[PDB]
Amino acid sequence: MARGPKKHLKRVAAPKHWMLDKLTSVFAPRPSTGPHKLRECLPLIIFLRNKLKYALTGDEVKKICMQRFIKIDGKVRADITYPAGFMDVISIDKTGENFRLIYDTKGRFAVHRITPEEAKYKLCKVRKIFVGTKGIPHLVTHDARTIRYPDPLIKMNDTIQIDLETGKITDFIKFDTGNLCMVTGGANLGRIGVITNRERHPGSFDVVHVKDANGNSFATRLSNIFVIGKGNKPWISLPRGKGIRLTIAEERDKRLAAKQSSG
Amino acid sequence: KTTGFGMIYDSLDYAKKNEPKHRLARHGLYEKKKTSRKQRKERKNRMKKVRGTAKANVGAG
Amino acid sequence: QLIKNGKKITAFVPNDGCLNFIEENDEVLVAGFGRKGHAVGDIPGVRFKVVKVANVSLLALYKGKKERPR
Amino acid sequence: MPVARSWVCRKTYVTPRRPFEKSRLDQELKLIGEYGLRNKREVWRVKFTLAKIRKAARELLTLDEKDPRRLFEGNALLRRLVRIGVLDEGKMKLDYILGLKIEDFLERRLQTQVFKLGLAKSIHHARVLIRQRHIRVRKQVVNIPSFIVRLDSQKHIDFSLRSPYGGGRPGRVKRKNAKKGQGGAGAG
Amino acid sequence: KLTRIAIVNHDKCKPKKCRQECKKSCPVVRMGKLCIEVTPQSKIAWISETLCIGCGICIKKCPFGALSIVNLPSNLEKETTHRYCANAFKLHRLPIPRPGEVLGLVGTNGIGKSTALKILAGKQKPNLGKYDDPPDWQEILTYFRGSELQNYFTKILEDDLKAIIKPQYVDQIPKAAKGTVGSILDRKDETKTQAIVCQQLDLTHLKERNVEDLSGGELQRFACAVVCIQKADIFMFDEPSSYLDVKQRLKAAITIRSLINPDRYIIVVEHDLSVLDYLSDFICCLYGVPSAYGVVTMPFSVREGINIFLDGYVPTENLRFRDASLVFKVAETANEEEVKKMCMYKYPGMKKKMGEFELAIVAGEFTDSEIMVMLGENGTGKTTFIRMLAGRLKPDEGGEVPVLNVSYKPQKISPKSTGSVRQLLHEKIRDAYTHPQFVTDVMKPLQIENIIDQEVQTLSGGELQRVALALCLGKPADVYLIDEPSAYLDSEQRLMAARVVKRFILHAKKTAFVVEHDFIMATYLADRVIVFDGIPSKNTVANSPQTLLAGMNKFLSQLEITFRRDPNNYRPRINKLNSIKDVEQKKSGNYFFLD
Amino acid sequence: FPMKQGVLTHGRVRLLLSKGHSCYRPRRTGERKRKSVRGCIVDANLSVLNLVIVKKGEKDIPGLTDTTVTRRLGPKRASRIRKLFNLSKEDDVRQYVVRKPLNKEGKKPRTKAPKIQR
RNA sequence: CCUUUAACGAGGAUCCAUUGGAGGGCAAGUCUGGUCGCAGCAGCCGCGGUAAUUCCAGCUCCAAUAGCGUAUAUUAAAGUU
RNA sequence: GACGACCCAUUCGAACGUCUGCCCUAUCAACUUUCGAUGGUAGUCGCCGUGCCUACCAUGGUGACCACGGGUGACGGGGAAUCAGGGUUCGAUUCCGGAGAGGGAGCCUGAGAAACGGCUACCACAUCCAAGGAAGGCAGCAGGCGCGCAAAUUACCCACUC
RNA sequence: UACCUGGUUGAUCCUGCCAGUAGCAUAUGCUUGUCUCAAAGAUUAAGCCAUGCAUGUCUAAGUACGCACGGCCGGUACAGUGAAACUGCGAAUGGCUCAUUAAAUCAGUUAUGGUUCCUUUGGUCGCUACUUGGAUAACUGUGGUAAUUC
Ligand SMILES: [Mg+2]
Ligand SMILES: [Mg+2]
Ligand SMILES: [Mg+2]
Ligand SMILES: [Mg+2]
Ligand SMILES: [Mg+2]
Ligand SMILES: [Mg+2]
Ligand SMILES: [Mg+2]
Ligand SMILES: [Mg+2]
Ligand SMILES: [Mg+2]
Ligand SMILES: [Mg+2]
Ligand SMILES: [Mg+2]
Ligand SMILES: [Mg+2]
Ligand SMILES: [Mg+2]
Ligand SMILES: [Mg+2]
Ligand SMILES: [Mg+2]
Ligand SMILES: [Mg+2]
Ligand SMILES: [Mg+2]
Ligand SMILES: [Mg+2]
Ligand SMILES: [Mg+2]
Ligand SMILES: [Mg+2]
Ligand SMILES: [Mg+2]
Ligand SMILES: [Mg+2]
Ligand SMILES: [Mg+2]
Ligand SMILES: [Mg+2]
Ligand SMILES: [Mg+2]
Ligand SMILES: [Mg+2]
Ligand SMILES: [Mg+2]
Ligand SMILES: [Mg+2]
Ligand SMILES: [Mg+2]
Ligand SMILES: [Mg+2]
Ligand SMILES: [Mg+2]
Ligand SMILES: [Mg+2]
Ligand SMILES: [Mg+2]
Ligand SMILES: [Mg+2]
Ligand SMILES: [Mg+2]
Ligand SMILES: [Mg+2]
Ligand SMILES: [Mg+2]
Ligand SMILES: [Mg+2]
Ligand SMILES: [Mg+2]
Ligand SMILES: [Mg+2]
Ligand SMILES: [Mg+2]
Ligand SMILES: [Mg+2]
Ligand SMILES: [Mg+2]
Ligand SMILES: [Mg+2]
Ligand SMILES: [Mg+2]
Ligand SMILES: [Mg+2]
Ligand SMILES: [Mg+2]
Ligand SMILES: [Mg+2]
Ligand SMILES: [Mg+2]
Ligand SMILES: [Mg+2]
Ligand SMILES: [Mg+2]
Ligand SMILES: [Mg+2]
Ligand SMILES: [Mg+2]
């Protein structure tokens, strides 16, 4: 039945934040192996043909990618199922536009055009700090990158801003109570706030509290916290809404009172 | 009221480039020359049973 | 006598003069009588009725909508 | 086995338990005659929708006020019931929903509103007008005598812009009885 | 839908300890009439073909795996692809035309074979049931959606598929079509391919010959060439094996084999001799009743189909009870105690010619109460000398006119008879021994009533050669000169007719001289055999008479063929013309064994 | 059935053959098939013997010794060219390569040469 | 195929709605002919033995309606698990 | 630029483990154990932990809170029908997991298989033969026979989804 | 919609069932104008299978002496398109069915600090040499067998 690895993905089993239909067909892109996990990524074909409407079928996105137009983190990706993920930078210089994949408020990626001067660095969360042969310190970030010789005062869960062209860690933020952060998993997928607490359970799943810019509090696991600023000051540019998560009642009030129908 | 979709290509070479081949054939720019899927299939399966220069099926059908 | 088992049952032919439509050694399709295990009405020992005589129903022969094939 | 199809569907009515009940029979026939309906399935349909609205309302009514879910879904059900005009804007609370009747929804049909608004000489004339493409709701020609007319849409019902009854070429009968003057008494 | 009966003879079926439960559980056997008559005995379980209704009951209650279930095929509107009129022949369904390969058809007289070829040609709109007033091709296109015949017929209608049909007879149209010598070559569809065909097929000797001066084997080779030189894709050959000699049949099979590969569908009617294993690819069998209905079965591989249809009892889905051992006459019967006297003759050495056929016979022995057959390639003077000895010319050097009245059966059967065959049933009369002779010829399985009254022009080849048969043994005579009976007769037909001639000229103590081209009849018609040797139309010395064994073994050694028996069917097969099973048979001179 | 080296009998036997053996060609990576072969001991029952001439006798055989030979294909690797024509370690091996002649009539006369490797 | 559209295309006799029933449960006839404990009906109670509201038919009427009847599995009725 | 490559990390997994959860049956009350049953020490083998297997010891382990044995017209689940409140019945079936390719068994190649659109044997069927030999696996799509109360075309196309 | 009705008696009140009532899903009977959607050899035989098809694959970038075409003159890594064959990769995915299976599968929950992992992404690449060896395909030519993708 299953003697080896699988290579198909059914449309009904694909992640839900891809916001796919159910009548096009039985199958889904099935992102190829990459630096981001399968359930937490966003393939190139879905970002180009579904959210940007640049293409209309799979052939069109294939022949858009086969012209060396799309650059993910500086390098030119030719695959149409490459798993782009959190805090990535897309660049299409034929039209002069850059994006940044970040969860907006409702647990899905947004379209978040940024200035070309901001599409040079990216923030990365440290997952591992080990020592190699001859006592050389290494890093491992949330997107599989490995850095040799980091300054010996960066530890786990800290954030490092790296130059996209050279690697070469530039600056870093420390995991401490008072630092801006965005939640990247669970139920609060997208909300932004300050830490103010870190509960510790030796042996399993140390939980962390957060309190956003309106006095609302919510907790998560330490595995889903992402420090993105020193405090009340983001280092990357925030999307529209800024991870506030206004309730359904306030949603309805603002959608009705503003009468957001058209221009 | 009747609704559809339209494309305007900046040239005829780019228009001959991307353009799904069935749409080019809507106005003569391409011509799908073959016969039948079952002929292509049964031919390939006879070519599988000979080795070396397959004259009986690269030429003699 | 049933095909799949070989058992011998007794079946009822309900209508006025519907016994003329059933010769001997012809296969008939029978169904239940309506009580799921029991004799219905004044008839002792009978639990089934005949619904088809030879690929043609006893209600099309009773109204003339069809006829036996010989 | 895998296919790109959808299998979601449902029934829209429920038969009555007591099949032969003289009171129910004559009450449903009164209702069929005065709104010019075709079937009783078309009465059981409206009964079903009214029963489901009542169920939802009573369900929301047992929660404690100030509950966010009750507030949201009640303010939505009320707004959606006023949007078709089966509720007064001066009532607008879950207590008045349990006071509606089946003839508030049968009133708001299109066949009813075409007769009642004066485009037809009876409800039995109105049904054959709508079903013969003579009626237009804004720009749309609506073929369906069950089209539940929203509130703001009440002003806009009139005749189709290509139909004998108003700015239309005469039908095939007025054009052979006229051809009778040319091809029925002039050419044959 | 069909009728269902049981077959019971299987592995170690013994009523010794079967406890005879077969009769214990049958509805028919209980109601009084005899269905299963089996008691503890030393007998094989008995079952009838007409008394058991079926119902599978006898199968579900047997301890040993003896009883099975089988069908009898009969018409019940099985899509009835073509009807003619009331109480007249109907075909059910046709195979898909396998491309790039030889799809053969193997069947009897009457059953549908020409009708299938006519419909597959596009020439006949299939009736599919009841009549349409115009022949409406929308019927066949709408009836067969979801099948491959839809696209095939839609491509027939668009002129892209050009079909060619072989004439079912060569003797039907040497009357309307006429071709001038030399110009008859230039009029053909192509120029360079004529040489390839004429060189491989051997028209080379007679291309410039008078087309009326030719024999029947040359008319078949001419028909072959005219059909093959036309470029098309669909090709139908309605029995190309009909009255050609064995090495003529082989090279004609090789020439149609040379045209399989370039995507051209070829369908050959094939009640053929045993040359099978390189000369057709798939075969289809025919089932039904000759004067009433027919059906074609799913496509089968050639050897599989020949074997299961030559066994008869083996086909896996469906069956019919007929086709017993009919390839030969294993029923040995020969005894001659009445032959106390004989009236032999001695003809001189006559040698004749017309303009180009050098013929010469050797004075030999002419027996009585005994038969003799001759053989050889077409053109060695087999009908020539027969009808010249009957008499046409050359009363110049000896010659004995037959003092005996002569029965004569020609090969050119095309009578000019206004009326019907019931008339010529009275020119010659059956005022003779009215005992079974014709009813034992054909009364039960072939309904000779179809040959008593019919339309003489629309008669099939079988019934035509049968009125040719009946023309002989009804006229007062004492010497039979029969020429090529096997034509348009199938296996049982050929054999039964030859045996009828044999033991009906046997009991009356007279002589028969037989002409043949099919080995099985040349063997089982005589003990004396005159060999016809020589190159056609240059010199053909009619060999001195001899016996059967030496004659045949010296004759067939000139054709480079051999025959192999069969250990289970006794059915003679050809070898490949060299093989490790052929080489020793060739050097030893024996071309058949187990006498 | 073919004869094969080192099956030491005059009978016929079945062997399980794999890649690298004789009398067998695989159809898939890793396949092995059981096939019939004849032993290598010569015997009265062969269809053919394949015989090679090693030492030539006196009288030319009238069928296979009168004819001549061809070069067929030239050497394609540079070191083989050198070793064949006895060049030195610096001898410009791009001109002693064989030019194959053609001239199929209806086309111009011509010569080809194989591309040199290494 | 649908949708958009030409040109033809209705007098009601055909461009013809069926499936079950009319003692009770259970909506609807003590109307007329035939049979006479027979034929048959009837899930249950029960109809038929010469003046049948239940059988066989004609007429009329009732129910749901492009659907309706029957056999079986199962759920509610069952507070008879 | 392409390709290749020892090692580490990442991704896609795979495997082995923890806690809890199961239909009917007592006309199933005791079961397991040199033919490993429960544990201890040393090893063999395995990708690794481990009676996984071997040698030597100990006499243990489960059960009325239903063990052990038997039946299931039993693949599990997400779910479906009915439903005042509680419940009852169904889930072969399009998504997730498992198992199988006529029945068992043994292997090659390979990162990954005890693979059957691979190979080697036995059993059961069955095909061709020139009788020496050769070849097979539709519970894939169409189609056919049989079984039955019971289930469709031997169609067109890679234009969409992959 | 949290509902009942007929039947034991000469009549009454009960227990208690049989029958009625409504849905749901398999079959079958009669009948069928329009339009959208769409289940479909599971039940029984994980019974047997004629025929056709369902797995292959080349870029500028592993090996081009097929005259298979073909060039502006020839091959001096040698033109260019390029059959065949060697080589690399895939064929362990998908599709089908539910026979086996009762702490087994499976579900939620956790652990590999007790393991392996083609590929993807990122790190690592320095303790006769201006380039070595022979030998098989395709191709050419002779064959064997009733017969095969021998
Ligand atoms: Mg699978
Ligand atoms: Mg992929
Ligand atoms: Mg050249
Ligand atoms: Mg090189
Ligand atoms: Mg459709
Ligand atoms: Mg009626
Ligand atoms: Mg009635
Ligand atoms: Mg009545
Ligand atoms: Mg009643
Ligand atoms: Mg009443
Ligand atoms: Mg009366
Ligand atoms: Mg009366
Ligand atoms: Mg119940
Ligand atoms: Mg131990
Ligand atoms: Mg250990
Ligand atoms: Mg103990
Ligand atoms: Mg147990
Ligand atoms: Mg058990
Ligand atoms: Mg089971
Ligand atoms: Mg279950
Ligand atoms: Mg409930
Ligand atoms: Mg299941
Ligand atoms: Mg099952
Ligand atoms: Mg299925
Ligand atoms: Mg799992
Ligand atoms: Mg398996
Ligand atoms: Mg099977
Ligand atoms: Mg590999
Ligand atoms: Mg296996
Ligand atoms: Mg498979
Ligand atoms: Mg194989
Ligand atoms: Mg298979
Ligand atoms: Mg199938
Ligand atoms: Mg499919
Ligand atoms: Mg049947
Ligand atoms: Mg069905
Ligand atoms: Mg059937
Ligand atoms: Mg495609
Ligand atoms: Mg009592
Ligand atoms: Mg009483
Ligand atoms: Mg009940
Ligand atoms: Mg229409
Ligand atoms: Mg099955
Ligand atoms: Mg096949
Ligand atoms: Mg190339
Ligand atoms: Mg790869
Ligand atoms: Mg592989
Ligand atoms: Mg299926
Ligand atoms: Mg058990
Ligand atoms: Mg557990
Ligand atoms: Mg789980
Ligand atoms: Mg688990
Ligand atoms: Mg790398």
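Positions of Cβ are set from backbone N, Cα and C atoms, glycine also.
Counting Cβ atoms from all protein chains shown, D:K93 (SUMO2 cross-link) has 11 others lying within 10 Å of its own Cβ. Residues or ranges marked as SUMO2 cross-link by Swiss-Prot on the basis of similarity to another entry: D:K93 (among others).
Listed in sequence order, there are no same-chain residues at least 6 apart in sequence whose CB falls under 8 Å from the CB of D:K139 (SUMO2 cross-link). As annotated by Swiss-Prot, SUMO2 cross-link applies to D:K139 (among others), with the evidence given as similarity to another entry.
For D:108-182, the entry in Swiss-Prot reads domain 'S4 RNA-binding'. For the domain 'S4 RNA-binding' (D:108-182), the number of residues in each DSSP class (helix H, G, I; strand E, B; coil) is 21 helix, 5 strand, 49 coil.
Residues or ranges marked as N6-acetyllysine in Swiss-Prot (evidence: similarity to another entry): D:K66 (among others). Neighbour list (D:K66 (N6-acetyllysine), Cβ cut-off 8 Å, at least 6 residues apart, same chain): empty.
Residues or ranges marked as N6-acetyllysine by Swiss-Prot: D:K116 (among others). For D:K116 (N6-acetyllysine), the Cβ neighbour count at a 10 Å cut-off comes to 13, with all displayed protein chains included.
Look at Swiss-Prot and you will find D:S153 (among others) tagged as phosphoserine, backed by similarity to another entry.
Annotated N6-acetyllysine per Swiss-Prot: D:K155 (among others), in sequence order.
For D:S163 (phosphoserine), the same-chain residues that are 6 or more apart in sequence and have a Cβ closer than 8 Å to its Cβ are D:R133, D:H134. If you look up Swiss-Prot, you'll see D:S163 (among others) marked as phosphoserine.
Of all Cβ atoms in the shown protein chains, 16 besides its own fall within 10 Å of the Cβ of D:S153 (phosphoserine). A gap of 13 Å separates the Cα atoms of D:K155 (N6-acetyllysine) and D:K116 (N6-acetyllysine).
Cβ neighbours within 10 Å of D:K155 (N6-acetyllysine), excluding its own Cβ and spanning all shown chains: 9. A gap of 24 Å separates the Cα atoms of D:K93 (SUMO2 cross-link) and D:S153 (phosphoserine). If you measure from the Cα atom of D:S153 (phosphoserine) to that of D:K116 (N6-acetyllysine), you get 15 Å. DSSP gives D:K93 (SUMO2 cross-link) a coil state; it is part of no helix or strand.
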